[PDB]
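Scroll down for the structure; my scribbles are underneath it.
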Amino acid sequence: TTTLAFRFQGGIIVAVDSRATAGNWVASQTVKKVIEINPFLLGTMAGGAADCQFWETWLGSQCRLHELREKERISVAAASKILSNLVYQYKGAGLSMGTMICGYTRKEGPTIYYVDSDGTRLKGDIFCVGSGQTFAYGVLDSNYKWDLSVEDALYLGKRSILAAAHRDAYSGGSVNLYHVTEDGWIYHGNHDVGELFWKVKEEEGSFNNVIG
Amino acid sequence: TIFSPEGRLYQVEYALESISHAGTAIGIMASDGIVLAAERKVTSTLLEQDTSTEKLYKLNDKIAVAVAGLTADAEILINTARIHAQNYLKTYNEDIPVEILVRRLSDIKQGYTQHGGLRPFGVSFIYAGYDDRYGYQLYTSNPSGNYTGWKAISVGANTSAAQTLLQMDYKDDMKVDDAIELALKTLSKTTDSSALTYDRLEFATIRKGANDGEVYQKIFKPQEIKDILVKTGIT
Amino acid sequence: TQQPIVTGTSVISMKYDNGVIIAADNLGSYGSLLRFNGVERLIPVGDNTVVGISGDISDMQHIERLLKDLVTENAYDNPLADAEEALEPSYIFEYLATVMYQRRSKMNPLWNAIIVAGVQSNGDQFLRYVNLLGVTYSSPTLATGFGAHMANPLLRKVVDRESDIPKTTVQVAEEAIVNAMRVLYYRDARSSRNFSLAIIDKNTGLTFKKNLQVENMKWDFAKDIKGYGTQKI
Amino acid sequence: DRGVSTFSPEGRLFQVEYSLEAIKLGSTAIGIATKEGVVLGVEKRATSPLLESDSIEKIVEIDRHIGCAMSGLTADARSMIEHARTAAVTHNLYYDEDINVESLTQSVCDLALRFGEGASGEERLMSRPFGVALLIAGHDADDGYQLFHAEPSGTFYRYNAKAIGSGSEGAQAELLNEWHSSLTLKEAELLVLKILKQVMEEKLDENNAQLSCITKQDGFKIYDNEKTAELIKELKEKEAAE
Amino acid sequence: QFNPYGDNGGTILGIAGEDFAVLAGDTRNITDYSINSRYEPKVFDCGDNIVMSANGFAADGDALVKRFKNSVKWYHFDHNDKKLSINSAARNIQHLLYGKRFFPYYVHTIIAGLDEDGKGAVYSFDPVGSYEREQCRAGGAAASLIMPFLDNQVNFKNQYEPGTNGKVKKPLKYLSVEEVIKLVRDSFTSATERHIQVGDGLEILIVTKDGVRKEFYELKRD
Amino acid sequence: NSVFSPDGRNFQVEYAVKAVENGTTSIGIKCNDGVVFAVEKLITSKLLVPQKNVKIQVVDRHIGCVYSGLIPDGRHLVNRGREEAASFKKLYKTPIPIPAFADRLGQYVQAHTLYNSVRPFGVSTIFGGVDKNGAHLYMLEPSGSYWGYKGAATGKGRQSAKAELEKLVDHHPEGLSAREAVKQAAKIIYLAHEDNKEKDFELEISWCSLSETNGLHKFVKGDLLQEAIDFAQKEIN
Amino acid sequence: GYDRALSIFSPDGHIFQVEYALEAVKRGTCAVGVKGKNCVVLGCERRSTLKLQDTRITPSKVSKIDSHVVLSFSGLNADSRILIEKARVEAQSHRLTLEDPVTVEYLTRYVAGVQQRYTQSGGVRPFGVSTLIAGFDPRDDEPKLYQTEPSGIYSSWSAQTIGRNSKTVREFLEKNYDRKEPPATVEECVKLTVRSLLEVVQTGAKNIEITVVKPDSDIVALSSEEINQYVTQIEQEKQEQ
Amino acid sequence: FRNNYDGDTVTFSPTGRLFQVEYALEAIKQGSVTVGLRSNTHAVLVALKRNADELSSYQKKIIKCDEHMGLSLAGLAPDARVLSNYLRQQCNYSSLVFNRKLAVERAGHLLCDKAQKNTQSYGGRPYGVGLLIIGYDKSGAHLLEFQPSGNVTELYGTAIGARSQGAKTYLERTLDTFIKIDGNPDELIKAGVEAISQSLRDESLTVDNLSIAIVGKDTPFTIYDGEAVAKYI
Ligand SMILES: COc1ccc2c(c1)[C@H](CC(=O)N[C@H](C(=O)N[C@@H](CCc1ccccc1)C(=O)NCc1ccc(C)cc1)[C@@H](C)O)CC2=O
Ligand SMILES: [Mg+2]
Ligand SMILES: [Mg+2]
Ligand SMILES: [Mg+2]
Ligand SMILES: [Mg+2]
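So the sequence lines, in the order shown, correspond to chains K, B, M, D, L, F, C and E. Under the deposited numbering, read the first sequence as residues 1 to 105, 105A to 105B, 106 to 181, 183 to 211, first letter to last. Under the deposited numbering, read the second sequence as residues 13 to 63, 63A, 64 to 144, 144A, 145 to 200, 202 to 204, 204A to 204B, 205 to 216, 216A to 216B, 217 to 218, 218C to 218D, 219, 219E, 220 to 239, first letter to last. Under the deposited numbering, read the third sequence as residues -8 to -1, 1 to 70, 70A to 70E, 71 to 92, 92A to 92B, 93 to 105, 105A to 105B, 106 to 141, 141A to 141G, 144 to 181, 181A, 183 to 211, first letter to last. Under the deposited numbering, read the fourth sequence as residues 9 to 123, 123A to 123G, 125 to 144, 144A, 145 to 180, 180C to 180E, 184 to 202, 205 to 209, 209A to 209B, 210 to 233, 235 to 244, first letter to last. Under the deposited numbering, read the fifth sequence as residues -9 to -1, 1 to 70, 70A, 71 to 106, 106A to 106B, 107 to 144, 144A to 144Q, 145 to 180, 182 to 194, first letter to last. Under the deposited numbering, read the sixth sequence as residues 12 to 180, 180A to 180F, 184 to 199, 201 to 206, 206B to 206C, 207 to 218, 218A to 218C, 219 to 241, first letter to last. Under the deposited numbering, read the seventh sequence as residues 7 to 62, 62A, 63 to 143, 143A, 144, 144B, 145 to 180, 180A to 180D, 182 to 203, 206 to 243, first letter to last. Under the deposited numbering, read the eighth sequence as residues 4 to 60, 63 to 180, 180A to 180F, 183 to 204, 206 to 207, 207B to 207E, 210 to 233, first letter to last.
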């Protein structure tokens, strides 16, 4: 798995691969690693497939409950803290999850929280998570500027997951891309690595360790 | 536990009624100490004075209570208060502030008022204490679980009579020795007996420890009460 | 955490045209000590069902009590207990499978492998297996332990698929059972010459044979075997 | 006084009957089920002019497709609402779908049954019945728009139209005449506003009365004050011209 | 030590058509190197036009199927006979599986039916409830043998349009029930040749907008 | 219930007895190697399915129970008896002796007369069977009181039933075969139906006999039932 | 334990124990709250039965629930302490889990729920208390005032009052509180609050206490001298005609 | 006499009566009428549903318990929901554990015992609902009547609720005819629809008034309402 989220001038880019593995077996290439919690909230999934899918779906439920109770959308801070506190109750039982909670509210602005099954919860502008994280970090960090256009930021996110899909045996499949705004997530498509690699090679003139 | 049509609590009311028959206890706070004096309920020559304490109890080294009501109920409460003071000492390495101990005790009483269908405790307390936030303090608590702070107060029998007398002679600038006098005079005036003799009294002070910088609780032996009944001129 | 102590080897069984046959020897082993010799491991329930049990014998005895209690309880407030509301092999089975699976799920198994044989009330043969893990399956032939490795191959030569079952007679089937018991006595070090056998038939009912013995064994060829290779005398 | 679940010689439960009496003393709540939606309206009934009226919540969202209106001892209704929301969200967690309106009602009614101790046959964690009734309105794909009346007796009924609370005897008769299967949502809105106007003890404006509805397309909505005001212009003129 | 788990062999395969779905499984049940049965079905009609298989440890498979059939029964009772839709079945099964997260069912499970629009649908679960809808899936012992075939013959992966110098891919069409059964039979005769735990019999369950239909084919018995 | 009257009585139990007297009549008869149980079933309406509202109950395999009063209270008592016989067998392996079983029921019925939060049982139960050392017949009252009986009756026809029972004890001191006791049971049930004649009745008989049932509890049905019905029909006319 | 039902329904539909709980509030000392344009003021009357008190240490009637929210009551004093404690706990718990101090509405809903719970549980009696909860939501200048009562009903008020003779002061506030024109400042809001109490107290000596809540966790009690200056100015100015 | 003796179910009257239970029986007499009857091959429930208003739904009187079993209700409806749920659970348990369809008779015994505990425990009321239970099992069609005293009886036919005494007298009269209505679902329903008529001071029973349920030999238990009953009015 590789997943990333970063804040920039024009909001938040969220990008994830779609590969599922058991050992060295490739279980699926078309798995969904983003959860649309509500129109202003996203969750990313790395680690145990079941653990992630189950507890982030559950987080969706708890988030909806907050809306009904308080007649207001839950803050990114509070949604992340629900999942953080749940996971912490389970510490040492073998839950396995690395997770980003990403969204917009009026009071907070655009916000990313990283949450894992050790109970760590951090706020930050850039996170890459999963077995492919270091690869994503290499591309992302070396081309990251705060003032990137929306178009470029979308590309860099797309390009960082591709980096990782190529080098990390346990990443791949497709890129799923999201932009989070004031208004606020917009889906920017599914991009099969099968086609995307050749296209990026051609147009960018990169991937020179590759014959063909 | 139930409410009356008037919004009063029967069992609580009746417990207060019981307390008005108990020996009077008086507490006076002065600027350099506190006085606790209490009258023992119609005694006998054969009662052991030298090993008796029915109205005055030590809670820790800095806090004492005067009791009006059922002694057996008071011992239950006193014991939990003692424990509570030690928990606090263990948790914070500081002696418990007087209010905190009073509030906890009051809350246990309030509880019996609101759930569980047990009878309330038929007890009223005057607390005499010192701490480094408020210095000398005096508080009262009754079976309802309510509590209030005072410069001078009484409980048990003749409180209404004793309260008016204290109102009259009490002055802010008092020394403890003047408070000693006031308390003995007030019990003398309000007894339902010939005279207020030593054998019918319990007496205690919380002073600024002779000459030190420290707080000392003096629980008067019978002999001392007879001597202090001399000075104040009631033989 | 548990381990079998006193055990008893294969239970073997097949369907024929009209019913079922099941057999098991009369031994209770204590590791390699052939300790007890009058052990009955065929448990008749009603007269349409026999439960054959291998594995730990203390657990076996527990399952006997459970089955007797089951007969008592089904009789309670049941005027049709010996007719339309008689215990069926399938009820006995499902019950045992439930117990077996619950016990393994609590990490405290009944250390057995069990075959339930009988005829349903509509004449249908019933033959099913459950073991200490709650694993269940059904087959024209069934055997536990060594019987699985050695009796099944022999029994399957007779009934190899469903369509072979109208074709098999009581006599042929019992012959195959008796012969497989002899093979087990030849090759299983935890077996015994004495066994019980039960036939449950849609016409005949329940025939329970006790104190059967393996007969017609071949041992004569042993006199010619000298040494382990080169030795001549 | 002897018990909390004793039968009368007629065969009724004392406490259940009296809780029904507490509901008659409540504000008025009216619901009407069309084929274009279900309208829910309530009398706010502020006890003083110093009370801020929009702080009066007698219409609540349960899920996007389910709203409810209460009448009686409205404080009792908190835990019923909490339970209803949890049941609907939970159902969506377990099943990735919306809970049927009828199923949600049945669950609220099961909760209402739980007075006593554990009545020797299971467990009752509540000392008296609820003193509040609910009108439960929503849409689902099987049965479309639906209106239920949930009573502290744990029974519920479906209704084409229904009134509860102090003005309910009078409002119900009115609904018996005005209701027909054909009403638009707008026709039904007006009818709720009309019938509240009749039975209320103030002059009905946009502060002492509240409107809401649920449609398949837009979900459950509580109309804001400006919108209801404009429906109250509209009712005034419709009747003054008839 | 007592080991609560075993392995019963066994291979299952789901393919979704346009207006049908199939779920196939071999009928052989094994333990170690022995054969328990040559005919023990492990694909089940669960009512509401849903079929299910849970393959691996057969005792956990049976337990799950039972538990889910029971879910379907109680769904009718509590929701006034509402049909349990395939996506709702899927979500439910996730909670069944994840409920045992710390003492799992050793099964890989597949369900098959029609979705809300009457399109063929296939859902597959890991042992602890992670799940996905897919056009097709093989599960169990010979899964690693059969899946890549499916990727190639159902989703036409790595197949390009002849002459286009690999840009135009073979366009993803839908397969008839006849073509699907052909791939199923071939997938299983392949698996029987190369996997020792696979053989004896093939049972196929076909689901359409008229119910559930059964088909059976002999497999090699060695 | 926990309440003694000023003269040492328990009115609630006395009232529980009234529920019993109000009940249908039932009996048991001890014979030379067993026990026979019989009960009157009032046919309220022709709609009642004949032979199909069985009142006599078995406990374990060797014990019959019949009761008069509130039927639900009897079923409750038998459920408890079955649990109590299972627990005995589980620990001691042997099926419960009738005297042992009696006391188990006794202690349980008596317990429901100790506490203000419980009512006594509204039945008398007649029960027994064969054990290791012979046949036994018992009767148990709402107070928990029980003794061994040669013959027993309770319910509305109790008085005449006892009179008939008393005659048999006098004519047959040398023990009554199991087959005779069956006939006589059918007779006695007829001779207590006199009282409740307004509505029709149906007869139920069960027996437990060492030589006739192998010491197992069995229902009398078919030819044996018809023959006992005939005996009673001919001996009432 | 003991969970025998004490609060049950009357033939005509009331819960008697809750109704009698309101009676306890009626005989409790009076308390009032009014909200300015940019503040809220809380006023309470102290009784005159006993006057040899120590004001340093006697629990005053306004309580901080958090740094931005306050609570006063009328009714059983001991009963109020159970509510104030739970509210304080809830407020810290909410900062812990939602990473934000409570809204005044949230805190009210919470206290009200506790009160409601004690009207339908076996073995407990309802709270002989009604409350006024006042303050400002995090990062909000718009003032908030809420009332709760033993039933668990709650609501917001521009101004409200509870306790003995609350009827009089309510009447006073209805005539004197103008919704379009809230008291524009602190000083003029305190005055209107003192005026309403003077209607019931009859000398405002150490018997009238005032607490002022401004936005963003700014809460100050008032001394004798600051209150005295209000009483002095009120009775002198309002006597001529 | 009725004075201090009807405070709870834990007190006998000096006549030996339990008034709380007799009062519970009185709520049944208030409930709307329902009829059950059966032949050798089918059993039918017929119920008159009751509205709370002309703007309301007629509330349901028939509840499915299993594929071979269900019941109708008269009295407190939420009490019917408690008991049918328990019965659904008992049916289910029997299927899962024993793979056995629960005998209608055992369902009777179970409901009876459950009602019983409530006639003897301090601080709980008896159930205030009467039930008519129909099913098809291994000994055929069955009808049962359940009273909250715990008395359950097996009948060819019966009625409970308000004015039910008419229907009962009719069934008492018709007996020998409807008992033989075999293999003809529609004639048996007609006999039930006619029997319920003898109990109308009401109105002419409408397409909403009417609830019919059936179970038998080759028919799962099924509920008819609305349009699907018109052909019987
Ligand atoms: C008894 O058998 C057991 C018991 C316990 C457990 C498993 C099997 C599981 C088998 C199992 O591995 N199942 C697989 C799984 O979880 N794979 C992981 C990698 C392995 C991994 C990495 C970290 C922690 C656990 C597992 C994976 O692909 N993660 C990326 C991903 C993220 C999100 C989504 C939606 C899908 C995929 C699924 C895809 O089949 C692991 C587990 O908890
Ligand atoms: Mg669905
Ligand atoms: Mg093979
Ligand atoms: Mg007692
Ligand atoms: Mg008798």
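Backbone N, C-alpha and C fix where the C-beta goes; we use that ideal spot for every residue, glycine too.
- Cβ-Cβ separation between M:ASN66 and M:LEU74: approximately 5 angstroms, consistent with a contact (criterion under 8 angstroms).
- Under the Cβ criterion of 8 angstroms, M:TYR8 is not counted among the residues facing chain E.
- Bridge partners of F:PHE48 according to DSSP: F:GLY39, F:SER213.
- Judged by the Cβ position, E:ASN156 fails to qualify as a neighbour of ligand 2 at the 7 angstroms threshold, every heavy atom of the ligand being at least this far.
- Counting of Cβ neighbours within 10 angstroms places L:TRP65 among the exposed residues, the total staying below 16.
- Residue state for F:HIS202 is assigned as coil, using DSSP reduced to three classes.
- Note on the stretch 9 to 53 of chain D: whole beta strand (DSSP E) runs with a minimum of 3 residues are 37 to 41, 46 to 51, in chain order.
- Contact with chain E is absent for D:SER111, since none of that chain's Cβ atoms lies less than 8 angstroms from the residue's Cβ.
- Closest option to E:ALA55, judged by alpha-carbon separation, among E:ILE180F, E:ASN207E, E:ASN123, E:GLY133: E:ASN207E.
- Distance from the CA atom of D:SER129 to the CA atom of D:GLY155, rounded to whole angstroms, is 15 angstroms.
- Remark: C-beta atoms of M:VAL101 and M:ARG90 do not approach each other more closely than 8 angstroms.
- In terms of beta-carbon proximity, E:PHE15 lines the interface with chain F, with at least one pair separated by less than 8 angstroms.
- In the DSSP assignment, C:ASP71 falls within the beta strand (DSSP E) that extends over 68 to 71.
- Per DSSP, the unbroken beta strand (DSSP E) holding E:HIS45 starts and ends at 45 to 50.
- DSSP places C:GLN120 in the uninterrupted alpha helix (DSSP H) bounded by 109 to 122.
- The alpha-carbon of C:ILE21 is positioned some 43 angstroms away from that of B:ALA139.
- Within its own chain, the residues whose Cβ lies closer than 6 angstroms to the Cβ of M:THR185, once the five positions on either side in sequence are excluded, are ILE177, listed in chain order.
- Burial is judged here by how many other beta carbons sit within 10 angstroms of a residue's own beta carbon; D:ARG53 has at least 16 and is buried.
- For L:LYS72, the chain D residues whose C-beta falls within less than 8 angstroms of its own C-beta are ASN108, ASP144, listed in chain order.
- Of the residues F:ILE137, F:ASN144, F:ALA232, F:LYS191, the one whose Cα lies closest to the Cα of F:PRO153 is F:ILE137.
- Residue state for L:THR160 is assigned as helix, using DSSP reduced to three classes.
- What D:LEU191 touches in chain E, judged by beta-carbon distance under 7 angstroms, is nothing: the nearest beta carbon there is about 18 angstroms away.
- From the listed residues L:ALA131, L:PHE11, L:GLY103, L:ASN(-7), the smallest Cα separation to K:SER28 is found for L:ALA131.
- For B:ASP203, no beta strand (DSSP E) encloses it, and the DSSP letter there is neither H nor E.
- DSSP, read as helix, strand or coil, puts K:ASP191 in strand.
- The straight-line gap separating the alpha-carbon atoms of L:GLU122 and L:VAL110 is approximately 5 angstroms.
- For C:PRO182, no CB of chain D lies under 8 angstroms from its own CB, so it is not counted at the interface with that chain.
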